[PDB]
Amino acid sequence: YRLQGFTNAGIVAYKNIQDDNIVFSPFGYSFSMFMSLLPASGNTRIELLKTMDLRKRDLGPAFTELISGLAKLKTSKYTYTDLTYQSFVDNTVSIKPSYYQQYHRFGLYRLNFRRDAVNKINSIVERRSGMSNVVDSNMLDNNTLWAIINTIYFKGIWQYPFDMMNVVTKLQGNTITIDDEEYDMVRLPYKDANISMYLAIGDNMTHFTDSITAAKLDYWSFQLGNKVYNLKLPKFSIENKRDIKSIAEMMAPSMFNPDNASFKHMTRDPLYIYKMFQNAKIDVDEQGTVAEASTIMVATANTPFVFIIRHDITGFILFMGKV
Amino acid sequence: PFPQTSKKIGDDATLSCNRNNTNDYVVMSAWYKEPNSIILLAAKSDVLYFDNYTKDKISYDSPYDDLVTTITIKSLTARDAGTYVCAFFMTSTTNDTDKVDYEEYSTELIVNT
Amino acid sequence: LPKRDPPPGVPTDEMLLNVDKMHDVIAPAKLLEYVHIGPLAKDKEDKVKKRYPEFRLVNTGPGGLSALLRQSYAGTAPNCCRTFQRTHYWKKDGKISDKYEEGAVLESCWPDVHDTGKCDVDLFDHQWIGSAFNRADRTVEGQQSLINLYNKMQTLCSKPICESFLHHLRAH
Amino acid sequence: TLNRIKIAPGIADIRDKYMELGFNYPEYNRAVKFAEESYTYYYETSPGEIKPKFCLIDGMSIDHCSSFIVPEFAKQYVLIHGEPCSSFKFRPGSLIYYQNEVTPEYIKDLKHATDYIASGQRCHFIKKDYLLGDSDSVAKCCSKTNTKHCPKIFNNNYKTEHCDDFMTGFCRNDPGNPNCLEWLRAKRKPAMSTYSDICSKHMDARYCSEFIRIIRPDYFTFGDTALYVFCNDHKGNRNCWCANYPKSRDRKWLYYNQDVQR
Ligand SMILES: *[C@@H]1O[C@H](CO)[C@@H](O[C@@H]2O[C@H](CO)[C@@H](O[C@@H]3O[C@H](CO[C@H]4O[C@H](CO[C@H]5O[C@H](CO)[C@@H](O)[C@H](O)[C@@H]5O)[C@@H](O)[C@H](O)[C@@H]4O)[C@@H](O)[C@H](O)[C@@H]3O)[C@H](O)[C@H]2NC(C)=O)[C@H](O)[C@H]1NC(C)=O
Ligand SMILES: *[C@@H]1O[C@H](CO[C@@H]2O[C@@H](C)[C@@H](O)[C@@H](O)[C@@H]2O)[C@@H](O)[C@H](O)[C@H]1NC(C)=O
Ligand SMILES: *[C@@H]1O[C@H](CO)[C@@H](O)[C@H](O)[C@H]1NC(C)=O
Ligand SMILES: *[C@@H]1O[C@H](CO)[C@@H](O)[C@H](O)[C@H]1NC(C)=O
């Protein structure tokens with residue numbers, strides 16, 4: 016009924032970043048954490064429901080609006096979106112007969128972690144989506160018995176064609211005052227869709243990135259108003275890869291704990307997770323924008348301007364970062 | 018054991034299903050092909066297409082009826098001639114409870130000259 | 009407190025559509041077909057449900073906007089297979105008819121019923149014999165009863185209807 | 006209760022307005038993101054559907070949100086049960102979107118305690134084929150005289166049998182319309198049986214000639230018997246006594283056998 020706090024979980028995951036090279040992907044990280052509610056049970060089920068303010072009667076219908084959002088992101092061909100999912104379960108895992116047809120076609124592919132398990136993970140990623148080498152050699156060790164994977168790909172094209199590139203064009207622009215601060219946010223819409231790419235230039239990025247939120251970003255996406263403007267934008271390429279483990283023990287600690295892992299629906303024997311890792315990307319060209327991201331949750335492994352990509356009405360915060 | 022509803026070359030291959038219990042609330046309805054294809058998934062009036070499928074080959078001509086889901090595949094093809102996997106992922110909303118109910122009624126359609 | 013009035017509505021043809029004067033359109037309908045009508049309230053629901061035992065009424069949209077969905081389509085052989093023209097006849101005070109009348113329950117006949125063979129047994133105890153070669157339905161149930169009728173006719177004729189069958193048996 | 010009244014109009018879109026619902030209690034202090042409507046949606050909102058800003062209310066006339074679609078193309082649209090939308094009791098048709106710290110539980114307690122929110126479903130149009138009018142309109146465009154304004158399922162050059170019933174009688178009264186011949190090409194048995202009776206009443210007309218050439222090859226038996234009956238009492242014909250009951275330009279007055287041997 017409401018995927019309200021779902022986006023904020025990824026937003027907060029960006030907040031705890033202390034660096035200067037960011038392509039963070041909130042949608043990829045949040046999707047794996049929320050939908051992992053399926054095998055959770057007992058103590059683990061109640062803790063995640065407390066997280067996102069989901070009353071336990073409301074599980075179920077949450078999946079429905081997610082489906083509506085996934086379909087709504089595809090409304091054309093020039094600018095579209097993609098999303099896939101895939102998990103992994105070992106042969107030695109005592110899978111309940113109920114699950115082997117309840118969600119057989121979703122995932123839960125069987126394999127063995129001790130016979131070229133890295134290659135087994137590899138062969139399924141490229142079929143589901145356009146990812147290339149989300150895996151790494153040191154991902155697995157002697158205690159690996161589970162895995163899970165997410166994926167996002169993007170493609171967009173500007174509304175007003177391009178004309198350090200300076201463009202004289204009619205557009206929406208104004209000045210924003212967060213708190214004793216001055217930025218001139220400039221909206222750059224796309225074509226035949228309702229998604230866009232934003233801009234902002236300033237000096238103290240800490241006062242800017244510490245309050246980024248889908249809630250407040252709407253309040254900044256409308257103060258912009260139509261009037262003739264003249265902006266400059268370069269071509270570049272950004273990169274980021276980091277870790278999420280240290281920022282996860284506050285939300286669902288028991289999933290990592292082998293003693294507190296209450297996963298009693300998929301399987302009865304104990305099982306637990308260790309870490310997770312993320313690899314984000316973005317490219318910039320003249321015609322439009324290209325964006326990409328992925329996520330793994332497995333045992334082991345001045346004056347700049349900020350870019351933000353956002354859907355207009357749904358609120359699914361796509362990749363954000365600084366240049 | 019449902020009889021195989023059969024149609025002719027390139028016509029309305031109108032398949033159908035049916036649930037048992039009315040008071041149980043449907044959370045999702047999906048249309049698969051055996052064993053794992055997911056021809057298309059849907060919910061309410063919004064249809065989420067999978068892989069290579071759009072409105073030209075399958076539509077959802079029961080968007081304002083919740084008793085039975087039906088499909089109206091046009092321009093029938095030999096590729097479309099196969100086993101079909103209906104789906105009613107079920108849940109109960111009387112009070113707070115943990116339960117899932119996967120009801121399946123697989124139907125076959127055969128096309129020939 | 010601001011106050012605003014909705015702009016003047018444009019009444020589309022959906023809203024003026026009436027359930028009556030439609031019985032030359034409702035009767036022609038196949039299985040699992042949603043014949044859209046106007047807003048049908050409970051005032052007419054009982055008389056239309058008896059007039060249409062072949063339809064389950066379902067709610068389509070807001071304001072009682074509904075449409076009669078036909079789920080079963082059976083042809084009562086006592087009339088249909090003998091009176092070829094009547095694809096939909098009524099039952100007024102226990103009598104078959106051809107025009108629409110009030111109160112008379114409506115019943116149609118299975119489409120191309122002579123391609124199905126439902127009334128072959130009833131007809132046994146020019147019109148239906150000519151449907152032999154039009155048996156392109158290829159149904160498993162229909163074919164077995166077809167050859168049952170063919171063998172029975174062949175033997176009973178060997179030992184008017186039989187006389188005509190000899191003429192039909194040129195290239196059928 | 007409610008005290009703040011700031012409508013806070015925007016610059017990007019005049020429809021986008023931000024009613025600042027500032028109640029007395031500090032946590033009950035939120036500025037919502039709603040929008041109104043003042044457009045004419047001759048264009049399309051989403052592929053196959055239209056989503057205006059009018060949050061329809063239960064117990065109210067369904068004619069409200071059919072205003073905003075431009076006519077002479079709205080004749081293809083029908084309504085459905087929309088997703089549960091909340092409106093303003095003081096702003097009939099206002100549509101509030103879910104964002105910020107506003108939650109359905111928070112507004113549900115708001116509306117239940119004090120009714121400034123009108124429950125309902127968002128107006129939601131679905132495109133399909135055209136719809137049909139009355140019996141006279143069935144007479145008009147099924148007879149292929151005005152091949153517009155009615156569903157293509159009727160205008161499909163006599164492909165489906167829904168308008169078979171009426172023009173059966175119309176063709177019985179007058180076989181003059183060439184569109185009757187097109188319907189004879191539709192390859193249906195009830196149509197052949199009914200009009201062949203008209204053919205058996207008057208056979209000299211040329212309409213019976215192409216009747217033999219169109220549908221008779223499919224159903225030889227019924228046409229041949231009816232033709233045999235006509236010449237039984239009408240023996241004044243000068244071509245129905247050639248190898249017939251009263252015993274090579276036209277074969278309309280003969281069985282299928284006689285022409286093959288010659
Ligand atoms: C979300 O984003 C979508 C795009 O993804 C936005 O919709 C676009 O809106 C713009 C501006 O209104 C459109 O741009 C212009 O649209 C015209 C193209 O034709 C349009 O009108 C046709 C009307 O046809 C009528 O009659 C035919 C029968 O002849 C019927 O089939 C129709 O239903 C109509 O009754 C439509 O068929 C056609 O689809 C278009 O709507 C034209 O003036 C210009 O060339 C220009 O393209 C744009 O086409 C819309 N759609 C798309 C896919 O790009 C939408 O507003 C956004 N939602 C928001 C902002 O809330
Ligand atoms: C950017 O400016 C920040 C301002 O402080 C922040 O905002 C004020 C209003 C208070 O809420 C305060 O607690 C916040 O921390 C500085 O903290 C920050 O260091 C500045 N950035 C850099 C890189 O120096
Ligand atoms: C399921 O259907 C069967 C078969 O008619 C019936 O016996 C049973 O009661 C149904 N279950 C319900 C209604 O819960
Ligand atoms: C079901 O029980 C829950 C508490 O467990 C309660 O909130 C709810 O109102 C109950 N439903 C009905 C229909 O009584």
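Protein chains in written order, with the entry's author numbering: chain C, 16 to 178, 198 to 335, 345 to 366; chain D, 18 to 130; chain B, 9 to 133, 146 to 179, 184 to 196; chain A, 6 to 252, 274 to 288. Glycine included, every Cβ here is placed at the ideal spot set by N, Cα and C.
- Secondary structure at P61 (chain B): coil, using DSSP grouped into helix, strand and coil.
- The Cβ atoms of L76 (chain B) and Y60 (chain B) lie closer than 8 Å to each other.
- When DSSP reads this structure, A162 (chain C) sits in a beta bridge with C:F103.
- Taking CB atoms only, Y81 (chain D) has a neighbour in chain B less than 8 Å away.
- A residue is called buried once 16 or more other Cβ atoms fall within 10 Å of its Cβ, and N313 (chain C) is buried on that count.
- Short note on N238 (chain C): C-beta closer than 7 Å to some heavy atom of ligand 2.
- The Cβ atoms of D139 (chain A) and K107 (chain B) lie no closer than 8 Å to each other.
- In the three-state DSSP reduction, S271 (chain C) falls in the strand class (E or B).
- Under the DSSP definition of a beta bridge, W246 (chain A) lacks any partner.
- In this structure, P54 (chain C) sits near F297 (chain C), with a CB-CB distance shorter than 8 Å.
- Annotated three-state conformation of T39 (chain D) is coil, per DSSP.
- Chain D has a Cβ within less than 8 Å of the Cβ of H86 (chain A).
- Using a CB distance cut-off of 8 Å, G75 (chain C) counts as an interface residue toward chain D.
- Taking the C-beta atoms as reference points, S205 (chain A) is found nearer than 8 Å to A231 (chain A).
- In chain order, the residues that have a beta carbon nearer than 5 Å to some heavy atom of ligand 4 are D:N112, D:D113.
- Using a cutoff of 7 Å, the CB of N37 (chain D) counts as near ligand 3, since one of the ligand's heavy atoms is closer than that.
- Judged by DSSP secondary structure, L131 (chain B) falls within the alpha helix (DSSP H) whose first and last residues are 128–132.
- In summary, the residues of the segment 98–119 of chain A whose CB is separated from some CB of chain C by less than 8 Å are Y102, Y103, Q104, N105, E106, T108, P109, in the order they occur in the chain.
- Closest in alpha carbon position to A30 (chain D), among D:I75, D:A60, D:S123, is D:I75.
- In the DSSP annotation of this structure, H119 (chain C) is not part of any alpha helix (DSSP H), being labelled neither H nor E.
- When 8 Å is used as the limit between beta carbons, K80 (chain A) is near these residues of chain B: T20, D21, in chain order.
- When DSSP states are grouped into helix, strand and coil, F297 (chain C) belongs to the coil group.
- Every alpha helix (DSSP H) of 4 residues or more that sits fully in the segment 159–195 of chain A is shown, in chain order, as 169–178, 183–189.
- In chain order, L40 make up the part of chain B whose C-beta sits under 9 Å from the C-beta of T87 (chain D).
- Contact check between the segment 122–129 of chain C and the segment 304–323 of chain C: fewer than three CB pairs, one atom from each, fall below 8 Å, which does not count as touching.
- If you look at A325 (chain C), you'll find it in the beta strand (DSSP E) that goes 322–330.
- Taking 8 Å as the cut-off, the beta carbon of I220 (chain A) is found closer than this to the beta carbon of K192 (chain A).
- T59 (chain C): member of the alpha helix (DSSP H) spanning 57–66, first to last residue.
- Between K275 (chain C) and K309 (chain C), the gap from beta carbon to beta carbon reaches 8 Å or more.
- Between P36 (chain B) and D169 (chain A) a beta carbon distance of about 7 Å is seen, short of the 8 Å cut, so the two are scored as contacting.
- Listed along the chain, the chain B residues whose CB falls inside 8 Å of the CB of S46 (chain D) amount to none; the nearest CB is some 16 Å away.
- Secondary structure of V75 (chain A) (DSSP, three-state): coil.
- Put simply, the CB of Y49 (chain D) is near chain C, with a gap under 8 Å to one of its CB atoms.
- Just so you know, the alpha carbons of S151 (chain B) and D276 (chain A) end up roughly 27 Å apart.
- When C-alpha distances from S80 (chain B) are compared across B:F153, B:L40, B:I167, B:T91, the shortest belongs to B:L40.
- For the set B:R78, B:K50, B:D54, the Cα lying nearest the Cα of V43 (chain B) is the one of B:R78.
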